[PDB]
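Encoded as structure tokens, the following chain is the form deposited in one PDB entry, with no partner shown.
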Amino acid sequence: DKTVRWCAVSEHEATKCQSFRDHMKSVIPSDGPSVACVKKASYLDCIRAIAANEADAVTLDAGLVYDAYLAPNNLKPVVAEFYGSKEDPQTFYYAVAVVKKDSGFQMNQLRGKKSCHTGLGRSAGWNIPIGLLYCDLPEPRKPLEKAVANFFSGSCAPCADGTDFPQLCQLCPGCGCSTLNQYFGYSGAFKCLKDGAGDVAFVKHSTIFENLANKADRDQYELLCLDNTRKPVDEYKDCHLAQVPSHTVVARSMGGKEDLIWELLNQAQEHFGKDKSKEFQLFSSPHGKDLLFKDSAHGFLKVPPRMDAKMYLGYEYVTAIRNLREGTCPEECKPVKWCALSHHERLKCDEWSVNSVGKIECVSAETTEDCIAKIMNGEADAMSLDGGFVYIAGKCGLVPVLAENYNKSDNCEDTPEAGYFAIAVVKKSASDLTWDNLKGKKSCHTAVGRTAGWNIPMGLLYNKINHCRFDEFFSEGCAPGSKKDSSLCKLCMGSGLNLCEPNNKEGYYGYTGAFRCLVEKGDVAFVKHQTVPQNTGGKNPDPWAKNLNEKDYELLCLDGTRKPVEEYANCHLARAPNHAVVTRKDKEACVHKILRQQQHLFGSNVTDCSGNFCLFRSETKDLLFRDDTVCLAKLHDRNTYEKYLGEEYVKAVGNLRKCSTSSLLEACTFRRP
């Protein structure tokens, strides 16, 4: 159709929208995008109209971005307003709790303090902090402003009924909803803090930088962090209540026309964005402020497709809003929801769950990235990950809690390992094959984004050839998780929709699968140093592996040589950080504790994995954990993805950034670049 039906709320917005259509029809050719204008009564009416295909697009505050996500509207964010520059565009703000340096209290000591709020019902100054504190408030919690006044010893809460809740105006008597109140709004809440009236202001991070000249000033303040520590205000990205999108174009989740919407708004900012045209302005109006888009906006960015509303708002924001909206609280550790990679893993997890005495629960997802996304948003808590996805999870905010260890040791739990080895395996009867001409040969990979399967060897290949078209360097291959039309899906063996999927419905997914792919169709397999021994000499009983001999396979060396499989130490491509379990920072304590308990009960201490449950039970498919996992090891100081993986591997993965096809990585780096 190529017509975007924008939704306006007021006669003013509908006027501006019509002007927007007219000026676009004058500069965009007939084959370009256009606008149509639908006037509805409220942001809520616009949300429904988009859901019912009566409209297409509307820009929303974060609070309505949440509501628009809920059943039955199922809208999603598709285009973002930004507010800085094209070289540093500021799509999100950060709700922060700013205090005076050295005032002697943490987040869990806020009760009986004096609080400075921007306004009653506002976002960063109320709904977010009060949302996060909701269960800390004293029952009865409705009405909210009474529970809040019984929480803080006194406040400034502009726009609140003073007569009803008089403790809420101690710092601004009467609680002026106008800016005649000196502590009204963002700058006024911060003056309430700077002035000594309150002990904490709930403001945006940018409120601090625009009310303090230099860093020496900002050093006089600190931020309250959710882990009950303080950090400097400059460290707001690592110390905030929530990340909030400033203004979000939303659309239908299927058939929403996001690409048309983006082309419409991309073309619009070129012609009519900040300082582009004297004839028309997207970001102002002679009919009123903030019509359709914010007058402060400098342009638009496309929201990465993997993003849904929960991911976009962030976990912390959703938690706070859930609490206030639902108006209901919950009453040891929570049992850990493990995310299983499809039904092959879901079965082993279920046996784990029933034998765990209630401490492990299971969720499923069809890809690793989908699982990481459930852990991010709270639908799950933990899983083990190849280092390549440890990297991505960290980019997405998750943290490693325990490592898989593979070396036999009298003290495995407490002995860091240096890593395994990424190797290129070939068939010895193919004597020609050399690391210096795989060009046009056929490749087998554990999965896109995995360390030995992909990051290491494609890292090296991208240095040699300096383009990312790996499916054209190889004639064909199997790299589960590639684009379905890729020649790196051709050698895969899954049936139907399972072909090339990065789960065990694709028999070539994983270390064993990449090796099977080599035996059966390909010329080179990128796997770990242990994989050929694990599947030869009868150790793997399946018909394809039964008769394979270790000696029939060889390792390609970096120097162009070839050694046997047992000689990986002098003939590998790189070290590979062990696989690790990841979770949210708020589940790190419980997951570290629960897993160490579980592996005492079902780890490598176990005699006869036939009689009892065995979390690391050596089957073929590395279900949940790698089949050669000896124990889960403590991480000590190496507890971010950078520290756990090490500078080495991180610059390795980083060098591949331009080639990345990970939709989840693009989504998380959009929320934190």
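Residue numbers run from 1 along the displayed sequence. Rigid core: the largest C-alpha set superposing within 1.5 Å between the two forms.
Absent from the display: the form deposited in another entry. The rest refers to it.
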- Message: Taking only shifts of 2 Å or more in Cα after a rigid core superposition between this form and the one not shown, tell me which of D370, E361, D523, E145 qualifies.
- Response: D523
- Task: Align both forms on the core first, then report whether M311 has a C-alpha shift of 2 Å or more between this form and the one not shown.
- Result: no
- Task: Establish whether a shift of 2 Å or more occurs at the C-alpha of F202 between this form and the one not shown, with the two forms superposed on the rigid core.
- Result: no
- C-alpha of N455: shift of 2 angstroms or more between this form and the one not shown, rigid core aligned? yes
- Assert for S618-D350 (C-alpha, 3 Å or more) in the other form vs reference form: pair closer
